[PDB]
Amino acid sequence: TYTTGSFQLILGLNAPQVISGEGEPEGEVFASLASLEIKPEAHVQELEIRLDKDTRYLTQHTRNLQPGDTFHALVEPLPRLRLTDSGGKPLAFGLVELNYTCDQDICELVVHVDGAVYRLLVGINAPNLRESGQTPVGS
Amino acid sequence: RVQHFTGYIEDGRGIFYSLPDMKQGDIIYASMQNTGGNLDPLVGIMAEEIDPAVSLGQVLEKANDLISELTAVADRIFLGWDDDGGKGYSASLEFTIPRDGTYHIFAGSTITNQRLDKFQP
Ligand SMILES: [Ca+2]
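What the deposited record gives as its method is cryo-EM, and the resolution it gives is 2.06 Å.

Under the PDB entry, the name given to chain B is Neur_chan_LBD domain-containing protein, and the organism recorded is Desulfofustis sp. PB-SRB1. The title given for this PDB entry is "Non-uniform refinement of the CryoEM structure of DeCLIC nanodisc with 10mM calcium".

Going by the annotation in the PDB entry, the name recorded for chain A is Neur_chan_LBD domain-containing protein, with Desulfofustis sp. PB-SRB1 given as the source organism.

Pasting the structure below:
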């Protein structure tokens, strides 16, 4: 099978002490992330939600977002929609559609939908949620 | 030139600090950190001392219903401000002194939500 986890990578150029695994950063950089040269991979997910008489408020938690990422959400059956962080400090409000961009090193987001059955569509790095086309992709 | 201050905030009642006779070309720096409780720091700088309570209260009364309204009101009340520029929810501010004169520094609490079951600023 394959394996999963986090890793630390040390690269050196004409620095024979790197193979010992203890090389401290020095000099001027020479390599960079390759993925930054192109567009990021989008993730799209769709959910059907229902607001019963006693369950008019619903919340969902998102995975972590890296800096520079973007978040999009829309709802089509109108209830109110808003976005807050894990503490709860508001970040964006629905106009229903919503948009946000990540500034902090790690962003943890919570989607609020409050008011019947509605369709909720959500995406990361996917501004094309209006006309996705593809079946839900990514994680 | 560095100075320290300590205080207490109760139910969004801020504290004013006076900066007598600054000179044009000076650079002001500010940083505010939480040392107890659930305080969320906010810092702003202005020339004429006016209590922001009356203006900020209308933002709570209108409960981008929060962030845009707070930004629009702050950009009117203060010449410069910062909410979360530091480590965590702490604020940090750099402000170049426009002209010659005196100014005021305002320290207090921002409007935030701290719940996941319901929204209540
Ligand atoms: Ca803050």
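(A) Up close: the overall build of chain B. Assigned secondary structure in chain B consists of two helices and six strands. Along the first, second and third principal axes, the C-alpha atoms of chain B reach 50 × 30 × 20 Å.

(B) Fine view of the coordination of the calcium ion. Looking at the metal site, the calcium ion is ligated by B:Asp40 (OD), B:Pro41 (O), B:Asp83 (O), B:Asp83 (OD), B:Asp84 (OD) and B:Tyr89 (O), spaced 2.0 to 3.1 Å from it. Here the calcium ion binds six donor atoms, and the angle range of 70 to 149° at the metal identifies the geometry as irregular.

(C) Representation of the sheet that holds strand β7 (residues 109-114) of chain A in the model. All names here are of chain A. Strand order in the open sheet made by the four strands is β2-β7-β4-β5, with antiparallel pairing throughout. The sheet is open, and its two edges are formed by β2 (57-61) and β5 (90-93), each paired on a single side. On average, each strand axis in the sheet is tilted by 20° relative to the strand beside it, whichever way the strands run. With five bridges connecting them, β2 and β7 associate as antiparallel partners. Bridged to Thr59 within β7 is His112.

(D) Representation of the packing of aromatic side chains within the structure. All names here are of chain B. Under the defined criterion, the tally for this structure stands at three aromatic pairs over all chains. Ring geometry for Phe78 against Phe106: centres 6.0 Å apart, planes inclined by 35°, an arrangement best described as tilted. With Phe78 in the loop between α2 (67-77) and β4 (80-82) and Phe106 in strand β6 (residues 101-109), this residue pair connects regions lying 28 residues apart in the sequence. No difference in accessibility class separates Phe78 from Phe106, as the two residues are buried. Taken together, the aromatic side chains of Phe16, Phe78 and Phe106 make up a single cluster linked through ring pairs.

The rules we used
- Residues numbered from 1 in each chain as written, not as in the entry; some residues may be left out.
- Chains lettered and ligands numbered in written order.
- Part of a larger assembly, values for the part shown.
- Heavy atoms only, no water.
- Residues with missing side-chain atoms left out of burial classes, pairs and counts.
- Helix = DSSP H or I, 4+ residues; strand = E, 2+ residues; numbered from the N terminus.
- Donors = N, O, S within 2.8 Å, 3.2 Å for Na, K, Ca; no water.
- Tetrahedral: all angles 85-135°; square planar, octahedral: opposite > 155°, others 65-115°.
- Pairing = 2+ DSSP bridges.
- Axes fitted to C-alpha atoms, helices over the stretch in contact; angles between N-to-C directions.
- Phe/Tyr/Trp six-rings, centres within 6.5 Å; stacked < 30°, edge-to-face > 60°.
- Buried < 20%, exposed > 50% of the residue type's maximum accessible area, 1.4 Å probe, protein only.

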